[PDB]
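# Geometric and topological summary
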Amino acid sequence: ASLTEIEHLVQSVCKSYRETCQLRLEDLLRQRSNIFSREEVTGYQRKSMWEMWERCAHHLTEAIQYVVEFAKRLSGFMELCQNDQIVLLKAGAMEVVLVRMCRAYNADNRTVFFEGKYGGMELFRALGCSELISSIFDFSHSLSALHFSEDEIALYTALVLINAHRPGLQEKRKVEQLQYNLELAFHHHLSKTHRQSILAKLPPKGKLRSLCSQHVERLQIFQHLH
Ligand SMILES: C[C@H](CCC(=O)O)[C@H]1CC[C@H]2[C@@H]3[C@H](O)C[C@@H]4C[C@H](O)CC[C@]4(C)[C@H]3C[C@H](O)[C@]12C
Ligand SMILES: C[C@H](CCC(=O)O)[C@H]1CC[C@H]2[C@@H]3[C@H](O)C[C@@H]4C[C@H](O)CC[C@]4(C)[C@H]3C[C@H](O)[C@]12C
Ligand SMILES: CC(C)OC(=O)[C@H](C)N(C(=O)c1ccco1)c1c(Cl)cccc1Cl
């Protein structure tokens, strides 16, 4: 990959992200003052776990569908074989959704955009897993301290997905090459923007992996109990 190729790769990732970001950053920042009232929060807390799971599962289903579309518009992802495309999506799609959340997260008051307004994590009380939820909020909080640009979140989420270490890949060397190209493209774009300092501040790879382990576990328990 040349400099033209690395620059084209950056452009491709950023364009795909912009077209698949689901919620526009401008709309999310504008809505920060639109915050659930005490009555609306109590309204959520009184809902059954069943209904709350039904709303969350719908929210997550939609978010994952945009991530699938992100992958498919990515330079190189469609060049991979079907099996590998699926292995990567299966392992990474939800990890991308967790990362994507930080944009919809307001660190000033610790709220998230959910069903039209911002609310704290207490909104989700009826689900009965406050420790996992607070870890998700904590993760979003630490990411928001980096003030990710749109292009940065584009490149970073592309790297969460294009990971050659996922078990079950049939063309490991081809995924490696795509991964290496994205790592360099990311590093290069950060230097052009004087943002190299975020590299040392990025969460350790095991952090998102360990959070997604617990997450996918609880998700599957809700999936089966339904
Ligand atoms: C594919 C992956 C791993 C499952 C496996 O061990 O094979 C699983 C675990 C968490 C799952 C998701 C979560 O349970 C949340 C959603 C629940 C809905 O009932 C289906 C879509 C939904 C968006 C799920 C899609 C998919 O089955 C996920 C992403
Ligand atoms: C359950 C939901 C369908 C909702 C609907 O329209 O009724 C479907 C449609 C697209 C699905 C995803 C896509 O097919 C891509 C992935 C394919 C893998 O087989 C499972 C995980 C995977 C990440 C899927 C999870 C889930 O089952 C999704 C999100
Ligand atoms: C384990 C299941 C039952 O808990 C969730 O579903 C939680 C509520 N949840 C998430 O898990 C989530 C959000 C993004 C990725 O995962 C979520 C959050 Cl933390 C904020 C806004 C919207 C949602 Cl949907």
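Residues numbered from 1 in each chain as written, not as in the entry; some residues may be left out. Chains lettered and ligands numbered in written order. Heavy atoms only, no water.

For this deposition, the record names X-ray crystallography as the technique by which the model was determined and cites 2.3000 Å as its resolution.

## A few points about the packing of aromatic side chains
Spelled out, the test is: Each aromatic pair joins two rings of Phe, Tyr and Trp (for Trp, the six-membered one) with centres within 6.5 Å, and gets the label stacked for planes under 30 degrees apart, edge-to-face for over 60, and tilted for any other angle. Three labels apply to residues, based on accessible area from a 1.4 Å probe with only protein chains included: buried if under 20% of the type maximum, exposed if over 50%, partly exposed otherwise in between. In our convention, an over-ring charge means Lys NZ or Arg CZ found within 6 Å of a ring centre and within 35 degrees of that ring's normal.
Across all of its chains, the model carries 8 aromatic pairs by this definition. Taking 5.6 Å as the distance between ring centres and 35° as the angle between the ring planes, the aromatic pair formed by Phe 148 and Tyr 156 counts as tilted. Side by side, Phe 148 and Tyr 156 carry an identical accessibility label, which is buried. Its guanidinium or amino end placed over the ring of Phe 70, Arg 100 lies 5.7 Å from that ring's centre, counting from NZ or CZ.

## Notes on the pattern of salt bridges
What counts, and what does not: Each reported salt bridge corresponds to a side-chain nitrogen of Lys or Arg within 4 Å of a carboxyl oxygen of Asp or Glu. Secondary structure counts use DSSP, requiring at least four H or I residues in a row for a helix and at least two E residues in a row for a strand, with both numbered from the N terminus.
Tallied over the full model, the rule gives 19 salt bridges. Where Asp 27 meets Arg 24, a salt bridge forms, and the shortest distance between an N and an O atom there is 2.8 Å. Using a relative accessible area of 45% as the deciding quantity, one classes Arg 24 as partly exposed. Close ionic contact of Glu 95 with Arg 209 constitutes a salt bridge, the shortest N to O distance being 2.7 Å. Here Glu 95 is found in helix α5 (residues 82–100), whereas its partner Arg 209 is found in helix α9 (residues 205–224), with 114 residues between them in sequence. Its relative accessible area of 2% is what places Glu 95 among the buried residues.

## Quick look at the site of ligand 3
For clarity, the cut-off: Any residue with a heavy atom positioned within 4 Å of a molecule or strand is treated as near that molecule or strand. Counting of polar contacts relies on pairs of N or O atoms within 3.5 Å, with two restrictions inside protein: one atom must be capable of donating a hydrogen and the other of accepting it, and residues adjacent in sequence are counted only when both atoms are side-chain atoms. Computed with the Shrake-Rupley method and a 1.4 Å probe, the accessible areas treat only the protein chains shown as cover for residues. Three classes are used: nonpolar for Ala, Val, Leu, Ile, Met, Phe, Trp, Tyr, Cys and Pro, charged for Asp, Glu, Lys and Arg, and polar for all others, with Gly counted as polar.
Taken together, 19 residues surround ligand 3, and among them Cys 56, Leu 60, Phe 124, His 215 and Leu 219 come closest. In this structure, an oxygen atom belonging to ligand 3 sits 2.7 Å away from a side-chain N or O atom of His 215. For ligand 3, whose free accessible area comes to 520 Å², the fraction covered by protein is 99%. Going through the elements one at a time, α4 (49–72), α5, β2 (111–114), α6 (130–144) and α9 are the ones with two or more residues in the shell around ligand 3. Considering only residue class, the shell around ligand 3 consists of 16 nonpolar, 2 polar and 1 charged.

## Remarks on the state of the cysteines
Defined as follows: In this description, a disulfide is simply a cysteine sulfur pair whose atoms lie within 2.5 Å.
Summed over the entire model, instances satisfying the criterion amount to 0 disulfides. For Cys 21, which is in no disulfide, the shortest distance to another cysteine sulfur is to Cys 14 and amounts to 12 Å. Residue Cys 21 is classed as buried on the basis of its relative accessible area, which comes to 11%. Free of any disulfide, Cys 102 has its nearest neighbouring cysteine sulfur in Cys 21, separated by 12 Å.

## Looking at the packing of helix α1 (residues 3–20) against helix α7 (residues 150–161)
Operational definition: An axis is simply a line fitted to the C-alpha atoms; with a helix, the fit covers only the stretch in contact. Between two such axes, the angle follows the N-to-C directions and lies from 0 to 180 degrees. In these notes the angle categories are as follows: under 35 degrees is roughly parallel, over 145 is roughly antiparallel, 65 to 115 is roughly perpendicular, and the rest is oblique. Pairs of residues are marked as contacts when any of their non-hydrogen atoms sit within 4.5 Å.
Relative orientation of the contacting elements α1 and α7 amounts to 100°, with a least axis distance of 9 Å. Classified by the interaxial angle, the pair formed by α1 and α7 is roughly perpendicular. Note on element contacts: α7 touches α1 through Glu 150, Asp 151, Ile 153, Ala 154, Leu 155 and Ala 158, opposite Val 10, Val 13, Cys 14 and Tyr 17. Its residues assigned to classes, the contact of α1 with α7 shows 8 nonpolar, no polar and 2 charged.

## Considering helix α8 (residues 172–192)
To be explicit about the condition: Multiply 1.5 Å by the residue count of a helix minus one, and that product is the helix's expected span.
With 21 residues, α8 ought to run about 30 Å at 1.5 Å a step, and its terminal C-alpha atoms sit 30 Å apart, in line with that. Inspection of α8 places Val 175, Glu 176, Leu 178, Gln 179, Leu 182, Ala 185, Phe 186, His 189 and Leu 190 among the buried residues, and these make up the whole buried set. Where α8 is buried, its residues meet α1, α5, α7 and α9. Following α8 by one or two positions, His 194 has its phi on the positive side, about 55°.

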